[PDB]
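Enquirer: As they sit in the full assembly, here are the leading chains:
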Amino acid sequence: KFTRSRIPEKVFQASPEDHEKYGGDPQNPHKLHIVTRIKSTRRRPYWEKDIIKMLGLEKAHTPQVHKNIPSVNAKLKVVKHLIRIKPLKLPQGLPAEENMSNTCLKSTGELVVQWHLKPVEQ
Amino acid sequence: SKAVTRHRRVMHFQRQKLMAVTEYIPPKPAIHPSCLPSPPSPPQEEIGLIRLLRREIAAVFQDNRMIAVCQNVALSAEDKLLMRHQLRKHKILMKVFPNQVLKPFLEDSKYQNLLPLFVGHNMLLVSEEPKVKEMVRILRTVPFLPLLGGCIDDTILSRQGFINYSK
Amino acid sequence: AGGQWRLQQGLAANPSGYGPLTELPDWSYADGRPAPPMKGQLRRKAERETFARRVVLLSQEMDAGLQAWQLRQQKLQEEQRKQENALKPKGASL
């Protein structure tokens, strides 16, 4: 019979060679996720379809921001083969009230607060 | 069909792709080991037979003074034993030693110029008393038996030297 | 074509996504007066603001919930101290 999957805890245990490969820091884990569905919920079990709806991943290739917390991570580990997970980086910091209209999420995972649409003078 | 079948059941395409991707890849060295200079072979301990021959060979050159070097032709065993019986009558021995054992002995020794003689099947005719005259007539029975040479009393002599010494 | 190269340059795999080619207004008046914003650009601005406001809301909520847990742990530590001050031993100990 085909049923759900219990992923062993050892799978989600980053090795020291992985921190030098993906650029992450275990001492200072990132605060927010950037989840993007890259696979169809079709031909997948119904429980995977429901979790996609709960995470707001209906439309494909539409980035969504989630919190890096165990309860949210629990849902991600179920549909981890249908989404792309990237950390959210803040080179300029959290957007303020005056920077809401100037935000832009680049493909690298960084959210800039000054989207000037102007070539760099440097 | 059943999970286990007598014939090889066809795998699902997703499973078949998984098997193909997860195939063993042997490590490939940057330079093939055969082309690189191989390390020197480990030393080979000498066989007890080889070190036994050296002691026996050294005795021959020291005990008996006359040594005759000849080519051990492919004579019939009946004719080869009969000549040995004729040589035993005149107290003449017919000793045969391998070249790969005898050559190294003569490489560093007094009898250093006898090295080129031992090429192929060779036999040694030795005796304490140099009965050259009695030996020559025995070897004249077979015209195809060559007398390479010898060394009598620490003096190297050719076949003609034995003929002169016999007379 | 070229989607992989663009992602390595910090751009979008699809050039129509964002950048000068798409975000800029497609036309303007001859006098120089700016054109009214296009419908697609207005939709993207609203979508980006909602994404930005969610990022601020999610980050603030985690910090607010982290301070509360830190405060409760401090409160639990203090409660142990208060109970110890009650009365002094007597009898064998004195």
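Expert: Great, that's in hand. Residues are numbered from 1 along each chain as shown, chains lettered A, B, ... in the order given.
Enquirer: so which strand or helix has the closest residue in space to residue A:25 that isn't next to it in sequence?
Expert: Nearest non-adjacent residue to residue A:25, counting by C-beta to C-beta, 6 or more residues apart in numbering or on different chains: residue A:19, 6.8 Å away. C-beta: built from backbone N, CA, C; applies to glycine. Using DSSP states H and E, residue A:19 sits within helix A:16-22.
Enquirer: what's the spacing between residue B:73 and chain C?
Expert: From residue B:73 over to chain C the distance is 82 Å, taken as C-beta to the nearest C-beta, to the nearest Å.
Enquirer: what about residue A:39, how many residues close to it?
Expert: The number of residues packed near residue A:39 is 15, by other C-beta atoms under 10 Å in any protein chain shown.
Enquirer: That one against residue A:82, yeah?
Expert: Yes - contact criterion C-beta atoms under 8 Å: residue A:39 and residue A:82 qualify, at 4.0 Å.
Enquirer: Get me the contact residues on chain C for chain A.
Expert: With C-beta under 8 Å from any C-beta of the partner chain as the criterion, chain C comes near chain A at residues C:6-7, C:10-13, C:18-20, C:23-24, C:45, C:48-49, C:51-56, C:58-59, C:61-62.
Enquirer: Of those, just the buried ones, ChimeraX syntax please.
Expert: The following ChimeraX line selects those of the residues of chain C next to chain A that are buried, judged by 16 or more other C-beta atoms under 10 Å in any protein chain shown:
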select /C:6,11,12,18,23,45,48,51,52,55,56,58,59
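Enquirer: Looking at the residues of chain C next to chain A, which are in helices?
Expert: By the criterion of DSSP state H, membership of those in helices covers C:6-7, C:20, C:23, C:45, C:48-49, C:51-56, C:58-59, C:61-62.
Enquirer: gap between the closest residue to residue C:22 other than its chain neighbours and residue C:44?
Expert: What sits nearest to residue C:22 in space, not counting adjacent residues and going by C-beta to C-beta, 6+ apart, is residue C:16, at 5.5 Å. In this view, residue C:16 and residue C:44 are 12 Å apart by C-beta to C-beta, to the nearest Å.
Enquirer: okay, those two: which has more neighbours?
Expert: residue C:44 (16 against 8).
Enquirer: Not counting sequence-adjacent ones, nearest residue to the residue of chain C found nearest chain A?
Expert: In chain C, the residue found nearest to chain A is residue C:52; the distance is 4.0 Å by C-beta to the nearest C-beta. Once flanking residues are discounted, residue C:52 sits nearest to residue A:103: 4.0 Å by C-beta to C-beta, 6+ apart.
Enquirer: Chain D should join the structure above:
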Amino acid sequence: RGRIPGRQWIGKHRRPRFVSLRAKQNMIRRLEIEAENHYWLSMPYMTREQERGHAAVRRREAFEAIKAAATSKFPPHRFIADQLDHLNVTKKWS
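Expert: Chain D goes in next, on the same frame as the chains above:
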């Protein structure tokens, strides 16, 4: 010649299917993306204890909005102006 008994891709004797070179590359590309997902799920920002109760107020308020909308369902008001405006169908010139 070359008949496959029954249907092609079902049955005991099916038409053999082989994995192409790009098919292997596509699967490897998928694996690399998911292998990176395992890395980012191994570093939670907060533990289970810290996370607890950090969004109870927002979740409670969110459902109260659903209850308010669900309990506000009622027929719309009926105005007397709209009933009289149907008499305009017979408006004409003198």
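Enquirer: please look at the neighbour count of residue A:39 again, because chain D has been put in.
Expert: Neighbours of residue A:39 (other C-beta under 10 Å): 18.
Enquirer: what does residue A:60 give?
Expert: 14.
Enquirer: So it: helix, strand or coil?
Expert: Secondary structure, DSSP: H, G, I helix; E, B strand; the rest coil: residue A:60 is coil.
Enquirer: what separates the closest residue to it other than its chain neighbours from chain C, distance-wise?
Expert: Closest residue to residue A:60 apart from its sequence neighbours, by C-beta to C-beta, 6+ apart: residue A:37 at 5.0 Å. Distance, residue A:37 to chain C, using C-beta to the nearest C-beta: 16 Å.
Enquirer: dump the residue contacts of residue A:37.
Expert: By C-beta atoms under 8 Å, 6 or more residues apart in numbering or on different chains, residue A:37 lies in contact with A:52, A:57, A:59, A:60, A:61, A:62, A:82, A:83.
Enquirer: out of those residues, which are buried?
Expert: Going by neighbour count (16+ other C-beta under 10 Å), the contacts of residue A:37 have A:52, A:57, A:82, A:83 buried.
Enquirer: Need these in CSV (columns: secondary structure).
Expert: Formatted as CSV, these follow (three-state DSSP):
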residue, secondary structure
A:52, helix
A:57, coil
A:82, coil
A:83, strand
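Enquirer: For chain D, tell me which of those residues show up nearby.
Expert: Checking these against chain D (C-beta under 8 Å from any C-beta), the matches are residue A:83.
Enquirer: residue in chain A nearest to chain C?
Expert: Closest point on chain A to chain C, by C-beta to the nearest C-beta, is residue A:103, at 4.0 Å.
Enquirer: measure residue A:6 to residue D:47 for me?
Expert: In terms of C-beta to C-beta, residue A:6 sits 21 Å off from residue D:47.
Enquirer: Looking at these two, which has the bigger crowd around it?
Expert: The residue with more neighbours, out of residue A:6 and residue D:47, is residue D:47; 11 against 6, by other C-beta under 10 Å.
Enquirer: Run a quick neighbour tally on residue 110.
Expert: The chain I'm using is chain A. Residue A:110 has 17 nearby residues by other C-beta under 10 Å.
Enquirer: wrong chain, I was asking about chain B
Expert: Neighbour tally, residue B:110, other C-beta under 10 Å: 10.
Enquirer: That one: what's its closest spatial neighbour, skipping adjacent residues?
Expert: Residue B:110 sits nearest to residue B:154 (C-beta to C-beta, 6+ apart), 6.8 Å away.
Enquirer: how deep is the one you found tucked in, by neighbour count?
Expert: Residue B:154: 9 neighbours (other C-beta under 10 Å).
Enquirer: put RNA strand E on too:
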RNA sequence: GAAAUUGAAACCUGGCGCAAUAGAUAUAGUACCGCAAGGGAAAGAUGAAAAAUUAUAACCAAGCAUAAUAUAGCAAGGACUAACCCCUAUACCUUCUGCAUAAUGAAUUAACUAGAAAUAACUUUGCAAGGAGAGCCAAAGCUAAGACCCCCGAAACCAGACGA
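Expert: So, slotting RNA strand E in with the rest:
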């Protein structure tokens, strides 16, 4: 499926009936069919004047004619300078898990041919502890309206007649 009991107005000269495949079958129970009982049609179209035929002009179904056909293919679509040539495309309905299916039905044109009922509930008005133009219902009901329930086909059975 009652009865006691209760008690009703009542002005023929009309039509949100049909208009020649409709309305009676009806131009007629004739033609025609059957030994008999019995069954049972079809259709007509000028004008004030035919004692104006110099007449009741044009256009309109399928079917033809005007005007046979040119590689290739569910006959079309995307197109194109251009009909074809190029590219793409497994007729329709019904019955089945599944029909391009070599499963059913249809040559085609025109006309005709198949969802009727208000108990409850709902919706919208009136009045309201009452509602209703006797009766009936009522612990917010009661009165009124609106809004849901097809067509063709057996082999048979019985009664009375007509036939050797």
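Enquirer: same question on the neighbour count of residue A:39, but now with RNA strand E added
Expert: Neighbours around residue A:39, by other C-beta under 10 Å: 18.
Enquirer: Quick check: it touching residue A:81?
Expert: Yes - using C-beta under 8 Å, residue A:39 is in contact with residue A:81, at 7.0 Å.
Enquirer: Can you pull the residues that touch both of the two?
Expert: Listed as contacting both residue A:39 and residue A:81 by C-beta under 8 Å, 6+ apart is no residue at all.
Enquirer: Would you mind measuring from the spatially closest residue to residue C:25 that is not a sequence neighbour to residue D:46?
Expert: Nearest non-adjacent residue to residue C:25, counting by C-beta to C-beta, 6+ apart: residue C:35, 5.1 Å away. For residue C:35, the distance to residue D:46 equals 47 Å [C-beta to C-beta].
Enquirer: Hmm, residue A:88 is touching residue C:55, no?
Expert: Yes - if you go by C-beta under 8 Å, residue A:88 and residue C:55 touch, sitting 7.0 Å apart.
Enquirer: So for these two, which residues contact both of them?
Expert: Joint contacts of residue A:88 and residue C:55 (C-beta under 8 Å, 6+ apart) are A:32, A:65, A:111.
Enquirer: what packs against the helix or strand where the last one lies?
Expert: Yep, that's residue A:111 we're talking about. In this assignment (DSSP H and E), residue A:111 forms part of strand A:111-112. Counting contacts by 3 or more C-beta pairs under 8 Å, 6 or more residues apart in numbering or on different chains; DSSP states H and E, strand A:111-112 packs against strand A:104-105.
Enquirer: Residues contacting the strand it packs on, please?
Expert: Contacts of strand A:104-105 (C-beta under 8 Å, 6+ apart): A:34, A:63, A:111, A:112, A:115, C:18, C:48, C:51.
Enquirer: burial of the nearest residue to the third one once chain neighbours are set aside, as a residue count?
Expert: The spatial neighbour of residue A:111 that comes closest, neighbours along the chain excluded (C-beta to C-beta, 6+ apart), is residue A:105 at 5.2 Å. Counted with other C-beta under 10 Å, the neighbours of residue A:105 add up to 19.
Enquirer: And residue D:88, by the same measure?
Expert: 7.
Enquirer: who touches it in this structure?
Expert: Contacts of residue D:88 by C-beta under 8 Å, 6+ apart: none found.
Enquirer: any idea which element the closest residue to residue B:9 other than its chain neighbours lies in?
Expert: Leaving out its chain neighbours, the residue that sits closest to residue B:9 by C-beta to C-beta, 6+ apart is residue B:1, at 6.4 Å. Under DSSP H and E, no helix or strand contains residue B:1.
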